[PDB]
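Both blocks below hold the same protein chain, though in two forms, and each is given as structure tokens: structure 1 and structure 2.
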Structure 1
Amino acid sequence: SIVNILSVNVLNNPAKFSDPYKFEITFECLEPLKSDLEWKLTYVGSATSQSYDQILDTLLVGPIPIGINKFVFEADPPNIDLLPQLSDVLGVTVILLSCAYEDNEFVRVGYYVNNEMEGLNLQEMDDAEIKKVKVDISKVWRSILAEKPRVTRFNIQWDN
């Protein structure tokens, strides 16, 4: 792995469910790459079913000079109408930040994201009582657990 992510820093935390995600991402690269880095953020809408994944945004970053570089990835919030249920926004959910070179994924950082609603004590409620909640999305805030990323790395064939 010729590209190493050094830090990802979430610039706006906590934020409204509906605010754009802003990540300042610093990476190191040894050789100057021919192509862009294709980054992407993915909201995981159902823990069980991949078909509720929302690709929130993507971003090409380039050209890539040797050394340590950073950039801000501003991505759109999830679309509330694509969730299986509205109440699924609450509690812990996941986002996956990833990067690909020439349409091949080389790293993926997963974040747990905690979501709470104004005036609602979520820790007492059991899963049945949670769904009955009348979710007002304009009153849901997130905090990304940026300090505890789960990194997965993939071997790809770079500019060889």
Structure 2
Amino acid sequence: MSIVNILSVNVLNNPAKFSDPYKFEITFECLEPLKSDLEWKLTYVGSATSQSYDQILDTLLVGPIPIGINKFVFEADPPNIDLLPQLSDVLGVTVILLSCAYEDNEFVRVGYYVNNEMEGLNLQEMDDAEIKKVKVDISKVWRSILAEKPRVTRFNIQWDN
């Protein structure tokens, strides 16, 4: 029986510049006292279905956890563009995963699609080879998290049983 339940997630700065930190306002309930802290993570997934072009963006240990309703803002570092094969990879649809673990075991994951567009570029009118050659100016790239369409996955964990 799940001790911690996420009730809502609101992105506070959306759309935003690619390089802006992510601000996730998270409300959850803790039904029973827990021995340990909550481990929050935000992961950048550079392309759904293919390779692991991924980046853990930030983490936050939150605790001790007050019983009842909890609300906080997880402000996560933006992606590191040096961890990407090349700049143009930031463009188009990518994924972000907000997750929480307890004693090292993930118990909830909230995934979002993210549209990424550069000022002045219409991506749909350009062929793939042009996208791999176009000069990307990261300061002109906006992300738009598709925040009304979360994918919520829950994993049974042991908590303090």
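Only the largest set of C-alpha atoms that superpose within 1.5 Å between the two forms is called the rigid core. Just so we're on the same page, residue numbers count up from 1 along structure 1's sequence.
- With the core fitted between structures 1 and 2, just one of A128, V92, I68, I55 shows a Cα displacement of at least 2 Å, namely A128.
- When two forms of a protein are overlaid on their rigid core, residues whose CA moves 2 Å or more are considered shifted, and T26 is not one of them between structures 1 and 2.
- With a cut-off of 2 Å and the rigid core superposed, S46 has a Cα displacement that reaches or exceeds the cut-off between structures 1 and 2.
- Once the core of the two forms is superposed, the Cα of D81 has moved 1.2 Å between structures 1 and 2.
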